[PDB]
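*Asks:* An experimental structure, sequence included, is below.
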Amino acid sequence: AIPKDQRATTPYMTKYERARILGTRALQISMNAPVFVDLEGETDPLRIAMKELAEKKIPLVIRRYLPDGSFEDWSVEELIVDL
Amino acid sequence: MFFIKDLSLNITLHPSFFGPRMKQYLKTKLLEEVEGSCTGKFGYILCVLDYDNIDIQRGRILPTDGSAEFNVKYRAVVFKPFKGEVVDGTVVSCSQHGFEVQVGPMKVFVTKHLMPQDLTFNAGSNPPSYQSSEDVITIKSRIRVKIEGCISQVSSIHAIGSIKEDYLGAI
Amino acid sequence: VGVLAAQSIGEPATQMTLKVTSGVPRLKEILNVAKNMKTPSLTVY
Amino acid sequence: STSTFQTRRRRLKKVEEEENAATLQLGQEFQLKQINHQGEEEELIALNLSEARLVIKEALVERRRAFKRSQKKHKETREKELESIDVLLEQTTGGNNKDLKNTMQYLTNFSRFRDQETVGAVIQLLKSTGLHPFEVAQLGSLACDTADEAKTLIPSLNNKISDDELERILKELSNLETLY
Amino acid sequence: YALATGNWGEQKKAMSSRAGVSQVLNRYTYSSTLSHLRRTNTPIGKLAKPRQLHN
Amino acid sequence: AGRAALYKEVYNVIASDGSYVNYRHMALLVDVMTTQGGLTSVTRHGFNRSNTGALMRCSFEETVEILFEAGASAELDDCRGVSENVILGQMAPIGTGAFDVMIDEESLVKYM
Amino acid sequence: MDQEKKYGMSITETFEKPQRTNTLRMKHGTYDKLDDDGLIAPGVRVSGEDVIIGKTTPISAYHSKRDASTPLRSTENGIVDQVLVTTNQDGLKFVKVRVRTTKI
Amino acid sequence: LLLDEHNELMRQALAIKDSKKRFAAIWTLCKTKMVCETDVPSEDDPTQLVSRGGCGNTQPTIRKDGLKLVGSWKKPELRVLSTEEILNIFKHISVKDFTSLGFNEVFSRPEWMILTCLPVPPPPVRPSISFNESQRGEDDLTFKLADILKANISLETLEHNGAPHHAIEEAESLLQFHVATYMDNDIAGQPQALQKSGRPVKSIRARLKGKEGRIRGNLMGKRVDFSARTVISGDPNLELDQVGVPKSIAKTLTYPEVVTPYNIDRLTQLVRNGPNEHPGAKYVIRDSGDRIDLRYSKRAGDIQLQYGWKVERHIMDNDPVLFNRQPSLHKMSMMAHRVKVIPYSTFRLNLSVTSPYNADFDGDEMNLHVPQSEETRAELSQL
Amino acid sequence: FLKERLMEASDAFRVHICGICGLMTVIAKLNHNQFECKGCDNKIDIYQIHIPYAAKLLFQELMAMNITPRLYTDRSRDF
DNA sequence: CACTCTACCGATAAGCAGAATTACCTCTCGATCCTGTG
RNA sequence: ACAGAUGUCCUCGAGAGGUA
DNA sequence: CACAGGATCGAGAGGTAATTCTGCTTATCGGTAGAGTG
Ligand SMILES: [Mg+2]
Ligand SMILES: [Zn+2]
Ligand SMILES: [Zn+2]
């Protein structure tokens, strides 16, 4: 089940979430995949991932599972990155 | 006899096609894969209707690699040989083993101990055919076949038919 | 949190040094829940 | 590839039932009241041979107008039916799809009904009874003359004993099929 | 066999016999050999009392 | 009261030498050991005698006895524990594994 | 240390330089440093997994013998200084080779 | 069952959700009862008697003696219960009886507890060792299985040709002992099966139990590749997040890199350098899966790296690696550093880093692990 | 990282599991594209999984011990 | 009102079973006879 | 008509001596 | 001139010290209310 938009988790991005998105984006850019930012002279996939995450231009969705089994989807752009 | 179902197929899209047209890519992949597939559980997927209607969901990215798996929800016409019914077919081949009756996209085989003793193999006529009293079946003829085969669904399905009892002829 | 707590408790035990029982034997008897400890005690106010 | 969730101990039911026989006894996956994609509790369709031809033709012309308008934006009797079917199939589906030609030929040369009003009449007539859609599909697909012939060719029809209304709607189907 | 394997006894019942009675002489320096030739062992088969230095 | 006394004893043991340990760890330990109505010793007869997964329990001690009991009974391993995932060689649902990552079409068509 | 074992009566290993044709399952190390007797003369620098003792044993067409040589240790190298050849108690061949190296 | 729902304590015991606790309660309550009942008073009107359908025969006192059960019948007869009669009794147990006892109707029935068909493990489970030259040996499992087969054949022949009942008993005892030792060679109060040499037979229970068994020594913890170990040393000129990797270790270890734009020139240069120089590659994995060895092939060829290929290049500077010391008491005992290639064969680390590692430079050795994927590298770098 | 070190870096094995059995007694013919379970007569419900070789050995030994470690790729909570 | 064993649980006292930090390096041995045979 | 050789890693359970 | 397959070890005993703290099971006693009377 999905909790509509009456979600109650945290509006910020955890360290584990940041690591997971950074790794997934780094792998995707390392393979032949489109990049939605201006490389601007960067050639390391991880740094490209951080550059994409700088202005929240990563089309990834976080699915936070409740212990019961329900889950709510959080977009990357709507997650505050303070860490 | 044909059935309309709500089957589902999982496609693992590569990140190389993670653009704005990945939806249409999945659409064409579904067309080129599901059509002509002789799935044992279901049968033949003749065609998929409502192309501009089938919906995709959020694709889950596998932990191992960046490829994403999509669980599409399509509906299509499915043909299953099934078991325990009569059906009309048209012959396409004949030999001493039997006649290859064809029903739709099928080729049901009839063995020696299936048809009654009122059929003998001969090649006197132009088409090699089983000829006897009041039975005339040829390469192209009408025949009603009752299916009693075990199908044996292993990546493909089959059928075995019978000619015993009346009404199972040309008519 | 469980693994962190386990490690944070076990590290001082390994770093623990050498009449009320205290130190490694006392920690072992607390963890094992011994029915008869060597040095029982009471405090009355 | 599945459409129904696991229930009634699917893991180790062993031989729950023998495969479908003549006397109905449907399979585990082809049972009545299938699970609908959006919701639930969707009954099995009542699709006959003539209805299948019309449905596939309608899907073909819908897809035809679809990709015809897409590319535009980017930029007798049996004999006549066969040519039209061939020219429609030549570019609509694409790929190989060899089996599509054989089933289309079978539908065209065995079309009991060739009019939308005819199939509408036949399924409005068949909806009166509570028979299994499998039985009505075979009844409307294969023409029959006698009641015993229908019973033998299409088993699991023993619930009808009167055979008066059965003769009536058999004659109705016969005249509808001859009105093609 | 007893002098080589170090198990004091016949080939059978070796698991029930003492082990380590015979050892290869340590020849790396003169002091090591001298210390090895004047070594004793206490078969114990957990207890700190037997390991302490007595008066 | 027993849990409070156990926490006090653990704190006294830890602080005897002079080392400092955060209260959260000791509190978690005493809450885990007293989750039921009595003490649950960290031994074979304590925490290893619960309704957890058979593989996780067998990984600690008495491997074949636990497996024999599970086979004799009807034990279903729902398998979200870390030990079961380690045995099966799958990504455990801990740390970065507590969530799944999905790709949305609208963001793709909006970013590009 | 290397020794010759007398399997049965006539199936006895021999110290000789093996070849890629007659022998089977040879080691990856080189064999040129060996001699006719299968033992390397003292004073020859060796390194890596070079073969120092060449021994072969019969299996029981051609290919009537298989290689059983003992190569040098991969992580060690040096120069052979003394090679000892003698006979064991029964009367077969007994070969010992020593390698000397300096460790700065 | 000896007791039924008529007894109140039986009802309380049956009203237990946990299978183990319910079984223990049932056993404790039914142990006292020692005679079957044909009639039991009802809950209401205790004078009235309601039949329960029992047989009425007295129960035996089951006692374990080695690998056999002896039953004392008191009205005392001392008969040895056979496996056949026990299996027959188990097969007559109703579904509800063992459902309430704790067994499963389909997954684990009580009558399946008696071994009537013994599967044989495949050769992969019990492989044959190489032994020495011109010598072949078999695992203890193979010898035990052969012994079991010989005992079964002997029992079958002895039953077929006609023999005294004592011979049948000794043959069945031998077969049971062999099967038990096949599944457990550490049975207390019984002799331990020896091998031909004299060693105890390594039963599969021993292989599945212990620190070195195939639970903790092969599943909980195993051996991995892309690892190095050498003596550590101090280096005040190295930064906090930096480790001095020797040139030989860096050359030996490799990290696969996907052939893609933005690094194609660098990958081609590394391939051209070869596996001998430190900056270079050892293998070139193709898209199909075939592996090209740059060492053996060489030829100084201008190999064209197509997109999507994998190149196993040597670990270079600023490459995150895992740096661990045993014992690993806390999470700070293993942390991720940055690779800095140094011209000497010893690990070099900052002095302030030794304190969490609890390591000195008197001979300590510490392990190094190299990630083999992008997500693992990112996780190690960010966590 | 833990999963990679446990499986990719040490040992990775691919096996086929019967959808009805839950065990690994499935004969796979990749060249012939045939997957039949003789125990249940199953040919359209075969899945492939990636498990370490140590897990395979443990499961085979357990099966030799007359214990069935049936493996399933779905949750029974939906009943 | 206690006369004699009958049915109940509460203590006590001996027998089993497990299990004992992690990682690493080197050497050194043993993997079978004899009464019964042509 | 036809048809004479090769595929890379083997120990395994133990015992003893040591290093952090 | 010569080879082969199944099992240690035996009445007799005992080839034998270095560990304990649980928990489970099986003997043992130590109690306490009744089936009807003079
Ligand atoms: Mg030190
Ligand atoms: Zn009874
Ligand atoms: Zn199966």
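*Replies:* Received, thanks. Numbering: from 1, shown residues only, chains lettered A, B, ... in the order given. Ligands and ions are numbered 1, 2, ... in the order given.
*Asks:* can we go C-alpha only for contacts and neighbour counts from here?
*Replies:* Noted.
*Asks:* My guess is residue H:34 contacts residue H:57. True?
*Replies:* No. In this structure, residue H:34 is not within contact of residue H:57 by CA atoms under 8 Å, at 9.7 Å.
*Asks:* The two: which is more packed in?
*Replies:* Neighbours per residue, other CA atoms under 10 Å in any protein chain shown: of residue H:34 and residue H:57, the larger number sits with residue H:34, 15 against 11.
*Asks:* Distance-wise, check that one relative to residue H:3.
*Replies:* 10 Å (CA to CA, to the nearest Å).
*Asks:* for residue H:75, same thing?
*Replies:* From residue H:75 over to residue H:3 (counting by CA to CA), the distance is 20 Å.
*Asks:* who's more crowded, the two?
*Replies:* Neighbours were counted for residue H:75 and for residue H:3 using other CA under 10 Å; residue H:3 has more, 17 against 7.
*Asks:* and that one, what are its phi and psi?
*Replies:* phi -100, psi 160 (degrees, to the nearest 10).
*Asks:* Also residue H:366?
*Replies:* According to degrees, to the nearest 10, residue H:366 has phi -140, psi 140.
*Asks:* pretty sure it contacts residue H:233?
*Replies:* No. Counting by CA under 8 Å, residue H:366 stays clear of residue H:233, with 10.2 Å between them.
*Asks:* ok, which stretches of chain F are strands?
*Replies:* For chain F, the strands defined by DSSP state E cover F:99-103.
*Asks:* Looking at it, which residue is nearest RNA strand K?
*Replies:* residue F:63 (17.5 Å; CA to the nearest atom of the strand).
*Asks:* Quick check: that residue vs residue H:201, distance?
*Replies:* 19 Å.
*Asks:* how close does residue H:208 sit to residue H:184?
*Replies:* Counting by CA to CA - residue H:208 and residue H:184 are separated by 11 Å.
*Asks:* should've said residue G:9
*Replies:* From residue G:9 to residue H:184 the distance is 43 Å (CA to CA).
*Asks:* These two: who's more crowded?
*Replies:* A direct count of neighbours by other CA under 10 Å for residue G:9 and residue H:184 places residue H:184 higher, at 18 against 6.
*Asks:* Let me see the contact set for the more buried one.
*Replies:* By CA atoms under 8 Å, 6 or more residues apart in numbering or on different chains, the contact set of residue H:184 is H:203-206.
*Asks:* helix/strand/coil for residue 63?
*Replies:* No chain in the question, so chain A it is. strand (DSSP: H, G, I helix; E, B strand; the rest coil).
*Asks:* Pretty sure it sits against residue F:98.
*Replies:* No. Assessed by CA under 8 Å, residue A:63 is found out of contact with residue F:98, at 9.0 Å.
*Asks:* Who has more neighbours out of the two?
*Replies:* residue A:63 (19 against 15).
*Asks:* so how many other residues sit close to residue 5?
*Replies:* Because you didn't say which chain, this covers chain A. Neighbours around residue A:5, by other CA under 10 Å: 9.
*Asks:* think we crossed wires, I meant chain C
*Replies:* 19.
*Asks:* Next: residue H:231.
*Replies:* A count of nearby residues for residue H:231, using other CA under 10 Å, gives 15.
*Asks:* now swap in residue B:155 and tell me
*Replies:* Applying other CA under 10 Å, we find 17 residues neighbouring residue B:155.
*Asks:* Just give the nearest non-adjacent residue to it, would you?
*Replies:* residue B:40 (5.3 Å; CA to CA, 6 or more residues apart in numbering or on different chains).
*Asks:* From chain F, how far out is that neighbour?
*Replies:* 30 Å (CA to the nearest CA, to the nearest Å).
*Asks:* Residue B:82 is in contact with that residue, correct?
*Replies:* No. Proximity of residue B:40 to residue B:82 does not meet the contact threshold set by CA under 8 Å, at 10.9 Å.
*Asks:* Could you check which of the two has the larger neighbour count?
*Replies:* Neighbour totals were compared for residue B:40 and residue B:82, and residue B:82 leads with 22 against 19 (other CA under 10 Å).
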